[PDB]
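Here the structure comes first, spelled out in structure tokens, and everything after it is commentary.
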Amino acid sequence: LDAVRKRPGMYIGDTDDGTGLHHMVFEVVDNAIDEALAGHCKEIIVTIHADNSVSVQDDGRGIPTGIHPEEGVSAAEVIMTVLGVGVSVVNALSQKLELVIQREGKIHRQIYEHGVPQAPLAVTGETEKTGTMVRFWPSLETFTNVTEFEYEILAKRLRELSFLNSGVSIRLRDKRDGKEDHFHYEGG
Amino acid sequence: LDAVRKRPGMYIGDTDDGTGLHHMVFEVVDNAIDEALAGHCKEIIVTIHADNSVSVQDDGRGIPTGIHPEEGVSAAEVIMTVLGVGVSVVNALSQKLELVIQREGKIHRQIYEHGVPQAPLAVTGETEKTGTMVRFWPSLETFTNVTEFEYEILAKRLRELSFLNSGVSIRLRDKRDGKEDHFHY
Ligand SMILES: O=c1ccc2cc(O)c(O)cc2o1
Ligand SMILES: O=c1ccc2cc(O)c(O)cc2o1
Ligand SMILES: Nc1nc2ccccc2[nH]1
């Protein structure tokens, strides 16, 4: 990840005007849509939290959790820490990132700070559901001037995406003011 | 450097009781002694600053500044960023690190934050002297409980090193309370 840290603008875009900041969300959304498309029920939920973090959840299969034979860490960690631009770029430029994977009747949790895992991926409990959730706090050392998520920028893009991804429910929620939207195009 | 950032304790030592914190200084000192031995005057200066940073100067040749043909960046940056344990560990666990190299008539400067270079090594002026200086601010995210440098812990180790490295002068300076020592065999 040090290559991304050396020159963040090359990977995420402009870190001052807000375009790079919102690209962080849209990169994570693209990965969530890919997981949602693998299934039948397909739903993703994008939540803007009151602390200016954004979470993106899908109800897909859940990212692989088993140890990678070469790397010697969970396959999830490899996805989050090895260099669309990839979620690893978002992780590198996030001062905090929470990963939650529900898979094979188990809840898996891991926390990152500036791309560095704080502990190995851990099974913390049980669940009937499946899916992947990433909640990230953009790094205020990288992202300057525009540091708060504009609802309209996310709402507009998610609406455009709904028409290209048939059968995928996309929910947008703003916990700051309680505003929300539901984009669900079932064409074809 | 992310392997170091993942498990700092395994590389530097315990990050809560103050062992790791002081080992940061000792790792830098080892490299400063190597440079001091191969120069003329052979003196190192370890300064504890008021803002809880430590700087280690030597008056050696100055570490290489030219571009490394494999990595495509200054040889100094390769030393600071690629994995004695190495100063790259110290750089990785420092919230800020300032590198100053005097060599071939030129002063070179570079700043790091958590091991990430903020710009390439740059020529900032002219100079008659030679040597290398690293000033580092330990990351308070890594180093907890014992965050401030105890003078006697550094003094004890530098005394041991002065006997072992008989040709090298070792000066220790504390700017918080004005305390000083000069270890030389
Ligand atoms: O790299 C990946 C792969 C899948 C994925 C699914 C999510 O729902 C998400 O928020 C982030 C993700 O990142
Ligand atoms: O090769 C190296 C690497 C780090 C380093 C740090 C110092 O403080 C110094 O005086 C000399 C050094 O030489
Ligand atoms: N605050 C902060 N910034 C960082 C950049 C890289 C790795 C760790 C870091 N902690």
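So that the names make sense, note that chain A is the first sequence line, chain B the second, and so on, each numbered from 1.
Along residues 136-148 of chain B, no residue comes nearer than 4.5 angstrom to chain A, judged on non-hydrogen atoms.
A:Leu1 is listed as a side-chain neighbour of B:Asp2, based on a closest heavy-atom distance under 4.5 Å. Taking the side chain as every heavy atom from C-beta outward, A:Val116 and B:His114 never approach each other to under 4.5 Å. Contact annotation: the side chain of B:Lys6 never approaches that of A:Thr81 to less than 4.5 Å [non-hydrogen atoms, C-beta and beyond].
With hydrophobic clusters built from ILVMFWY side chains whose heavy atoms lie under 4.5 angstrom apart, A:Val134 does not share a cluster with A:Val73. Hydrophobic clustering, with ILVMFWY side chains joined whenever heavy atoms are under 4.5 angstrom apart, groups B:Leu158 together with B:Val90. B:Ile111 and B:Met133 fall into different hydrophobic clusters, where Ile, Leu, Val, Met, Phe, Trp and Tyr residues are linked whenever their side-chain heavy atoms come under 4.5 Å apart, directly or through other members. Note on A:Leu121: it does not cluster hydrophobically with A:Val87, by side-chain heavy-atom contacts below 4.5 Å among ILVMFWY residues. With hydrophobic clusters built from ILVMFWY side chains whose heavy atoms lie under 4.5 angstrom apart, B:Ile33 shares a cluster with B:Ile48.
Taking B:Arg171 as the reference, B:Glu43 meet the salt bridge (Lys or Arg N to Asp or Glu O under 4.0 Å) condition, with sequence neighbours excluded.
Atom CD of A:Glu70 has 12 or fewer heavy atoms from other residues, nucleotides or ligands within 6.0 Å.
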